[PDB]
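Read the single chain below, which is given as structure tokens and is the form deposited in one PDB entry.
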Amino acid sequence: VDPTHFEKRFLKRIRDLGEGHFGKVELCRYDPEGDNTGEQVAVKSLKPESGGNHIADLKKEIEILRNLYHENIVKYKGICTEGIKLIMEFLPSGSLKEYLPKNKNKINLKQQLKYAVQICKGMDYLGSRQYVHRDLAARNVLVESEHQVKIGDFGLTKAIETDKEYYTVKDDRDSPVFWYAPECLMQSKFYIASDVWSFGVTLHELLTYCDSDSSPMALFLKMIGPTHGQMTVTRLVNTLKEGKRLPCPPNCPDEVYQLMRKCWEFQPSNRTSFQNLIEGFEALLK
């Protein structure tokens, strides 16, 4: 038997974990013994809908996650074929967005800096394999335990071609624009330095314990004036050009805010790296 092969007849759906880009992540139990004793797994699959090659993109995402092995990347477990499904480990603590509001008392600055280092190690591993992530946000950072996080979704991940610095996207609809670097918004070009910008925003979230009233979206929309959505993105672009950035989170020491600010240099070439952030956080943790 192939232990990465999950038979559909044994994969009993429990409930939805997430919805997004014409598909869903569901909690299922794999129960070949039929007694509710099998392992819980997270299952990604497309709605019957599909089209503008949603299938070829999921199949690419499967092949991406299958060959990633890092302690800060969610584990591939296998596939279910029929409309293919990606099977992953289930992390019952969910994302930082679920976990941090409930665990403020147990998660102090030292733990938040450790989680920051673990996200950066994950992201630097993905960069080392020539991938741009394009969706780095607290909602995609999963909690393994109070001491460990893992990057938990790869649905926008693209390979940068060898001898090229960026990937140009066509398919655009559902962009998380409040996490996107200016080159992504203005020119739909994604560099590794674009993942750093997003990392800066995800650190802001981590340091505000993912409070909905302090989310990047809620703070950017307070900043930017009367506007349509059609006009939202262009007003956001104009604010970033003038040099406005998310404010320092409450209780956030200025030395951590300075690391975050280096993520948000307007020009990709001027931004800090992931290895540089890891160094700066470890220095704070000594």
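Only the largest set of C-alpha atoms that superpose within 1.5 Å between the two forms is called the rigid core. One-based numbering along the sequence shown.
> May I ask whether residue 49 is missing from the deposited models in at least a third of the other compared entries?
Yes: coordinates for residue 49 absent from at least a third of the compared entries.
> Does residue 82 have no coordinates in at least a third of the other PDB entries examined?
Residue 82: unmodelled in at least a third of the other compared entries.
> Are residue 172 and residue 173 truly consecutive in the deposited sequence, or are residues between them missing coordinates? Give the number as none, 1 to 3, 4 to 9, or 10 or more.
Missing residues, residue 172 to residue 173: none.
> Highest mean C-alpha temperature factor of the two stretches 160 to 168 and 181 to 189, which is it?
Stretch with the higher mean C-alpha B-factor: 160 to 168.
> Do the C-alpha atoms of 117 to 125 or of 212 to 220 have the higher average B factor in the entry?
The stretch with the larger mean CA B-factor is 212 to 220.
> Going by the CA temperature factor in the entry, name the top one among 204, 133, 150, 97.
It is 97.
> From 80, 138, 196, 143, pick the one with the largest CA B-factor in the entry?
Highest CA B-factor of the listed options: 80.
> Using only modelled residues of the chain, where does the Cα B factor of residue 12 rank: lowest third, middle third or highest third?
Its C-alpha B-factor, which the entry lists for residue 12, ranks in the lowest third among residues of this chain.
> If you rank every modelled residue in this chain by C-alpha B factor, which third holds residue 253: lowest, middle or highest?
It belongs to the middle third of the chain when residues are ordered by C-alpha B-factor.
> Name the third of the chain's ranked CA B-factors that contains residue 70, choosing lowest, middle or highest.
Tercile = middle for this residue's CA B-factor.
> Quick check for you: using the entry's CA B-factors within this chain, is residue 105 in the lowest, middle or highest third?
It falls in the top third of the chain.
> Can you work out whether the C-alpha temperature factor of residue 61 puts it in the lowest, middle or highest third of the chain?
Middle third of the chain for residue 61's C-alpha B-factor.
Unshown form deposited in another entry; subsequent notes refer to it.
> Which listed residue (258, 239, 251, 227) has a Cα shift of at least 2 Å between this form and the one not shown, rigid core superposed?
Just 227.
> Looking in the other entry, decide if the C-alpha atoms of residue 179 and residue 226 are closer or farther than in the form shown; they differ by 3 Å or more.
Relative to this form, closer in the other entry.
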